[PDB]
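Have a look at the structure below before the remarks.
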Amino acid sequence: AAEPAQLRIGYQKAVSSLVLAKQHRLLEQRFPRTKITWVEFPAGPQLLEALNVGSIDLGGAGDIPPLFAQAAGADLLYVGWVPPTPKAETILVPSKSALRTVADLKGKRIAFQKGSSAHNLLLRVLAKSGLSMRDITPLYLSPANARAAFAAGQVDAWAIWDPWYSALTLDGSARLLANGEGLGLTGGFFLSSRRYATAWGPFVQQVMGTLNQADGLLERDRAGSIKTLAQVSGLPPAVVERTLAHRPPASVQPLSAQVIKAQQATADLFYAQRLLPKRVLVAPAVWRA
């Protein structure tokens, strides 16, 4: 049959591969009869609130945003899985700070996006030192607002991802306190409207196919990728370079059994810790073409 009239797809500037897909017009080249409209979000929870009201029909986010969206009653599907990039998920402290270990975060004001992958990174890191979310004071801030609070001396630590990690550690603004290595982080997801994925399954599968290829650009086209990403983000090439050093390959592919289980275990944890109101059931939201 047909392909859809339009694909309004959400993305985050942080995700170097989607930025490349956007600038290289990969989707437009693949689907000439479909109007492709990319819509940028500050982070994943923002992007999910838009999916829930229909502002987009497909978008990429961390493992946590969809859990918070499901908990609030969103009827989304998981349609693709993005392997994790644990070096790129970090707790930062101002470089001038006396904080040097995770234990030193007890009683401190920590900025992060609520319901983002950094919320789960913080939870899991703190728990290794016997701290919980109730032992720290959260400042729920978007990445730009958190960067400004950090610049202004208002936060003790900031849980955040690349490229803010690479940018601030390279310019001397911050020290790494902890990253996501060793936590068995899940990674992230492509989320869709249940109506759109039901109507246009093959098309969504083919979309994921093309985005799976875009990720390869960061390896197959290293130098070209750096200058383009530098150009687009306006970040220094050295910073962009550092962000690529932190990422193993991470192409979107189908959800595996172990990934679904990992995702339900995170839902169970967030509920157990009173960070979500409902227990969330992940499996009935999983889709495969």
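Hydrogens, waters and symmetry mates are skipped; everything else that's a heavy atom, side chains included, is used. Count residues from 1 along the sequence.
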Do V204 and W287 touch side chain to side chain, with heavy atoms closer than 4.5 Å? yes
Mind checking whether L218 and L229 have side chains closer than 4.5 Å, heavy atoms only? yes
Partner of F41 under side chain to side chain contact (heavy atoms under 4.5 Å, CB included), picked from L51, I56, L48, is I56
Between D135 (side chain) and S132 (backbone), is there a donor-acceptor pair under 3.5 Å? yes
Tell me whether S166 contacts the main-chain N or O of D162 through its side chain, where contact means a donor paired with an acceptor under 3.5 Å. no
Report the residues that fulfil side-chain contact (heavy atoms from CB on, under 4.5 Å) with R194, sequence neighbours left out, ordered by chain and then residue number. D75, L77, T198
Nearest atoms (heavy-atom pairs only) where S225 meets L20: OG-CD1, 3.3 Å
On a heavy-atom basis, the closest approach of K278 and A71 is CG-O, 3.6 Å
Dump the intermediate steps for side-chain contact (heavy atoms from CB on, under 4.5 Å) on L177 and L105, then the final yes or no. CA-CA 10 Å; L177 187 76; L105 304 170; 3.8 Å; yes
Ignoring hydrogens and geometry, is there a side-chain-to-backbone donor-acceptor pair from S116 to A118 under 3.5 Å? yes
Given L123 and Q273, is the side-chain contact (heavy atoms from CB on, under 4.5 Å) satisfied, shown in steps? CA-CA 9 Å; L123 178 66; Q273 293 301 144; 4.2 Å; yes
With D215, which residues qualify under salt bridge (charged side-chain N to carboxylate O under 4.0 Å, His left out), at least two apart? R247
Is there a side-chain contact between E219 and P249 in this structure, where contact means two heavy atoms from C-beta onward sitting under 4.5 Å apart? yes
Is there a donor-acceptor contact under 3.5 Å from the side chain of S256 to the main chain of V259? yes
Under a single-linkage definition using a 4.5 Å side-chain heavy-atom cutoff for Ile, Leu, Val, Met, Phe, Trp and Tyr, are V286 and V207 assigned to the same hydrophobic cluster? no
For the residue pair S117 and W161, establish whether any side-chain heavy-atom pair is separated by less than 4.5 Å. yes
Distance (rounded to the nearest 0.5 Å) between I64 CD1 and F189 CZ: 9.0 Å
Are any of the side-chain heavy atoms of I9 and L211 separated by less than 4.5 Å? yes
Search all heavy atoms of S95 against all heavy atoms of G172 and return the closest pair with its distance. OG-O, 2.5 Å
Intermediate values then yes/no, side-chain hydrogen bond (donor to acceptor under 3.5 Å, both in side chains), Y196 and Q6: CA-CA 10 Å; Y196 192 87; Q6 192 180 25; over 6 Å; no
Honestly curious: do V39 and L7 fall in one hydrophobic cluster under the side-chain, below-4.5 Å linking rule? no
Show, in sequence, the C-alpha distance, side-chain angles and deciding distance for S251 and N212, and conclude whether the side-chain hydrogen bond (donor to acceptor under 3.5 Å, both in side chains) test is met. CA-CA 5 Å; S251 51; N212 169 288; 3.2 Å; yes
In terms of the angle between their ring planes, are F68 and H119 parallel, tilted or perpendicular, with boundaries placed at 30° and 60°? tilted
Please assess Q12 against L18 for the test side-chain contact (heavy atoms from CB on, under 4.5 Å), listing each intermediate value before the final yes or no. CA-CA 8 Å; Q12 295 183 50; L18 302 191; over 6 Å; no
Count I, L, V, M, F, W, Y as connected when their side-chain heavy atoms are under 4.5 Å apart, and connections chain through other members. Are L122 and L139 then in the same cluster? no
Using only atom types and a distance under 3.5 Å, with no angle test, would you say the side chain of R220 pairs donor to acceptor with the backbone of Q213? yes
Taking a hydrophobic cluster as the set of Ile, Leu, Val, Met, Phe, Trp and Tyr residues connected by side-chain heavy atoms closer than 4.5 Å, whether directly or through intermediates, do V82 and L244 fall within one such cluster? yes
May I ask you to check whether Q46 and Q113 show a side-chain donor-acceptor distance below 3.5 Å? yes
Backbone N or O of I36 within a donor-acceptor pair of the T34 side chain at under 3.5 Å? no
Any donor-acceptor N/O pair, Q263 side chain to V282 backbone, under 3.5 Å: no
Rounded to the nearest 0.5 angstrom, the CG-CG distance for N179 and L121 is 8.0 Å
For residues 261-275, pull every pair meeting salt bridge (charged side-chain N to carboxylate O under 4.0 Å, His left out), keeping only residues two or more places apart or in separate chains. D268-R279
Look only at the side chain of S97 and the backbone of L99, and say whether a donor-acceptor pair between them is shorter than 3.5 Å. yes
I260 and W81, any side-chain heavy atoms less than 4.5 Å apart: no
Is there side-chain contact between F190 and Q253, with heavy atoms separated by less than 4.5 Å? no
Is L141 reachable from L126 through a run of hydrophobic residues whose side-chain heavy atoms are each under 4.5 Å from the next? no
I want to know whether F31 and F203 have ring centres closer than 6.0 Å. yes
Looking at side-chain heavy atoms only, is the closest gap between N120 and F270 below 4.5 Å? yes
Let me confirm one number: the CD-OH distance from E40 to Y11, rounded to the nearest 0.5 Å. 5.0 Å
When you measure from the side chain of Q205 to the backbone of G201, do you find a donor-acceptor pair of N or O atoms at a distance under 3.5 Å? no
Does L58 offer a backbone N or O that forms a donor-acceptor pair with the side chain of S192 under 3.5 Å? no
Any chance you could measure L131, atom CG, to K108, atom NZ, to the nearest 0.5 Å? 11.0 Å
Taking the ring of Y140 and the ring of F112, is the distance between their centroids below 6.0 Å? yes
What's the spacing between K22 NZ and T37 OG1 if we round to 0.5 Å? 10.0 Å
Can you confirm whether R222 is buried at CZ, in the sense that more than 12 heavy atoms of other residues, nucleotides or ligands lie under 6.0 Å from that atom? yes
Minimum-distance pair of heavy atoms, taken over all atoms of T186 and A262: OG1-CB, 3.6 Å
Scan side-chain atoms only and decide if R30 and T210 contain a donor-acceptor pair under the 3.5 Å cut-off. yes
Show your working on side-chain contact (heavy atoms from CB on, under 4.5 Å) between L92 and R175 and close with a plain yes or no. CA-CA 6 Å; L92 303 188; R175 287 179 279 113; over 6 Å; no
Approximate separation, where rounding is to 0.5 Å, of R242 CZ and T169 OG1: 9.0 Å
